[PDB]
Chemist: 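One structure coming up, written as structure tokens, with questions to follow.
Keep in mind that the numbers below use all heavy atoms, side chains included, and drop hydrogens, waters and symmetry copies. Order of the sequence lines sets the chain letters (A, B, ...), proteins ahead of strands, with each chain counted from 1.
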Number of protein chains: 2
Amino acid sequence: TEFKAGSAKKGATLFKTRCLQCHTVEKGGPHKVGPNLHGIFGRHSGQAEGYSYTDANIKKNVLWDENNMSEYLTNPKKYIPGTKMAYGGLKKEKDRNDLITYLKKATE
Amino acid sequence: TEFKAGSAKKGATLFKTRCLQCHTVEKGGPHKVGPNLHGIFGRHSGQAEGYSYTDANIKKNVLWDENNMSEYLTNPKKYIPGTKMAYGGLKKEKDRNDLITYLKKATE
Ligand code: HEC
Ligand code: HEC
């Protein structure tokens with residue numbers, strides 16, 4: 001417990017504004033710059049099929065739960081150096097909380 | 001120009017999360033703790049009828065445009081000392097920008 005639920009409403013707009021450029025969340029949604037994130041929670045990193053991940057992601061072999069996801073979202077490259085995800089990150093815990101609350105929900 | 005348009009999507013969720021407790025935006029929406037804000041832009045402060053404003057608001061006699069609104073939103077009491085609006089404020093310009101973009105739009 002180092003993650004606490006935030007707004008899904010608010011989570012959804014941080015997603016549209018900071019993640020939608022490269023990712024989809026819907027089941028049957030396509031890979032774009034980044035992979036479709038449907039069902040990511042509980043999945044290891046680099047396993048969406050038909051997506052060309054970097055050696056770094058695959059290797060990090062991250063098991064995604066709201067907690068892992070929060071550290072990563074703080075600073076992706078610092079978390080999986082070599083990842084091709086080009087997003088600086090979400091420095092505020094409160095934002096991370098709202099977005100994860102949104103993802104926890106829309107990736108199911 | 002010391003105000004620039006932001007996300008309405010994002011503006012709408014800051015509103016639900018930080019302003020909805022006391023205000024409505026829709027035409028025909030009711031006064032709650034705070035007055036209904038439909039049509040506020042271009043209106044002076046303390047003029048919604050059927051609302052009991054403080055002597056301070058009425059007196060400040062603020063003409064509301066996206067700019068005034070931004071200063072106020074930073075620190076209400078510092079802006080209209082004596083106001084009964086009990087909201088600390090929105091310190092980040094970027095947030096202020098998204099919410100005003102939302103209000104500019106939903107209060108029309
Ligand atoms: C494009 C500029 C991106 C933005 C903005 C965001 N992401 Fe991303 N993401 C992107 C790429 C290219 C990749 C793969 C990197 C690689 O090394 O292969 C990723 C990866 C993810 C992952 C890991 C998924 C997995 O299946 O292991 C997650 C969980 C993820 N991205 C989430 C995510 C969120 C929530 C974003 C907005 C804050 C976001 N990313 C931005 C590309 C881009
Ligand atoms: C309740 C705890 C409130 C919250 C949260 C917000 N507002 Fe408010 N607002 C509230 C009151 C009691 C009043 C009247 C104060 C008085 O002295 O009479 C106000 C007033 C406004 C105004 C001025 C309206 C006018 O017609 O002159 C505006 C523009 C306004 N409030 C906006 C607003 C926004 C955008 C908020 C969320 C960030 C918000 N307020 C929070 C009560 C409460």
Chemist: Step through the shown structure and confirm whether more than 12 heavy atoms of other residues, nucleotides or ligands are within 6.0 Å of CD on B:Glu93.
Modeler: no
Chemist: Test side-chain contact (heavy atoms from CB on, under 4.5 Å) on B:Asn68 and B:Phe3; report intermediate values, then the result.
Modeler: CA-CA 10 Å; B:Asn68 236 286; B:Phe3 164 75; over 6 Å; no
Chemist: Please round to the nearest 0.5 Å and tell me the distance separating atom CD of B:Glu71 and atom NZ of B:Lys78.
Modeler: 12.5 Å
Chemist: Taking all heavy atoms of B:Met85 and all of B:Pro76, pick out the closest pair and write down the distance.
Modeler: CE-CG, 4.1 Å
Chemist: For residues A:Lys105 and A:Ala8, report the shortest heavy-atom separation together with the two atoms involved.
Modeler: CD-CB, 4.3 Å
Chemist: How many angstroms lie between atom OG1 of A:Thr83 and atom CG of A:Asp55, to the nearest 0.5 angstrom?
Modeler: 11.5 Å
Chemist: Verify the cluster assignment for A:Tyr102 and B:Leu14: are they in a single hydrophobic cluster under the rule of side-chain heavy atoms below 4.5 Å apart?
Modeler: no
Chemist: I'd like to know if the side chain of B:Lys77 and the backbone of B:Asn75 have a donor-acceptor N/O pair within less than 3.5 Å.
Modeler: no
Chemist: Verify the cluster assignment for A:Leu63 and A:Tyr72: are they in a single hydrophobic cluster under the rule of side-chain heavy atoms below 4.5 Å apart?
Modeler: no
Chemist: Could you walk me through whether B:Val25 and B:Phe15 pass the side-chain contact (heavy atoms from CB on, under 4.5 Å) test, one step at a time?
Modeler: CA-CA 10 Å; B:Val25 295; B:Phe15 185 96; 3.3 Å; yes
Chemist: For the pair B:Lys60 (side chain) and B:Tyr79 (backbone), establish whether a donor and an acceptor sit closer than 3.5 Å, ignoring hydrogens and angles.
Modeler: yes
Chemist: Atom CG in A:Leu99, atom NZ in A:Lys104: separation rounded to 0.5 Å?
Modeler: 10.5 Å
Chemist: Nearest 0.5 angstrom please: B:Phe41 CZ to B:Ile100 CD1, how far?
Modeler: 6.0 Å
Chemist: Ignoring hydrogens and angles, tell me if any N or O in the side chain of A:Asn36 forms a donor-acceptor pair with the backbone of A:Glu26 under 3.5 Å.
Modeler: yes
Chemist: Is the backbone N or O of B:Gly6 less than 3.5 Å from a side-chain atom of B:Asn97, with the two atoms forming a donor-acceptor pair by type?
Modeler: no
Chemist: Under a single-linkage definition using a 4.5 Å side-chain heavy-atom cutoff for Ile, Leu, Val, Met, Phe, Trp and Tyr, are B:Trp64 and B:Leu90 assigned to the same hydrophobic cluster?
Modeler: yes
Chemist: Please report the closest heavy-atom contact between B:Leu37 and B:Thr107, naming both atoms and the distance.
Modeler: O-CG2, 3.3 Å
Chemist: Looking only at atom types and distance, does a side-chain atom of A:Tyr53 sit under 3.5 Å from a main-chain N or O of A:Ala48, one as donor and one as acceptor?
Modeler: yes
Chemist: Look at the side-chain heavy atoms of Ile, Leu, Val, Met, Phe, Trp and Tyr, link any pair under 4.5 Å apart, and say whether A:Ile58 and A:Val62 land in one connected group.
Modeler: no
Chemist: Checking B:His23 side chain against B:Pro35 main chain: does a donor-acceptor pair fall under 3.5 Å?
Modeler: yes
Chemist: Taking A:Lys32 for the side chain and A:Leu20 for the main chain, is one N or O donor matched with an acceptor at less than 3.5 Å?
Modeler: yes
Chemist: Would you indicate whether the side-chain heavy atoms of A:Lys10 and B:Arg18 approach each other to under 4.5 Å?
Modeler: yes
Chemist: To the nearest 0.5 Å, tell me how far A:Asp98 CG sits from A:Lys94 NZ.
Modeler: 8.5 Å
Chemist: Check the side chains of A:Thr17 and B:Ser7 for a donor-acceptor pair under 3.5 angstrom, ignoring hydrogens and angles.
Modeler: no
Chemist: Would you say NZ of A:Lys92 has more than 12 non-hydrogen atoms from neighbouring residues, nucleotides or ligands within 6.0 angstrom?
Modeler: no
Chemist: Going by the angle between their ring planes, with limits at 30° and 60°, are A:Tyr51 and A:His31 parallel, tilted or perpendicular?
Modeler: perpendicular
Chemist: Please determine whether the number of non-hydrogen atoms from other residues, nucleotides or ligands lying under 6.0 Å from atom NZ of B:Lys84 exceeds 12.
Modeler: yes
Chemist: Grab the two heavy atoms, one from B:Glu66 and one from B:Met69, that are nearest each other, plus how far apart they are.
Modeler: O-CB, 3.9 Å
Chemist: Quick check for you: to the nearest 0.5 Å, what is the distance between B:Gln47 atom CD and B:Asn57 atom CG?
Modeler: 9.5 Å
Chemist: After noting the C-alpha distance and the side-chain angles of A:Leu103 and A:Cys19, does the key distance pass the side-chain contact (heavy atoms from CB on, under 4.5 Å) rule?
Modeler: CA-CA 11 Å; A:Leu103 304 184; A:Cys19 310; 5.8 Å; no
Chemist: Measure across B:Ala56 and B:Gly82 and return the closest heavy-atom pair with its distance rounded to 0.1 Å.
Modeler: CB-C, 3.7 Å
Chemist: For the pair B:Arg96 (side chain) and B:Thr74 (backbone), establish whether a donor and an acceptor sit closer than 3.5 Å, ignoring hydrogens and angles.
Modeler: no
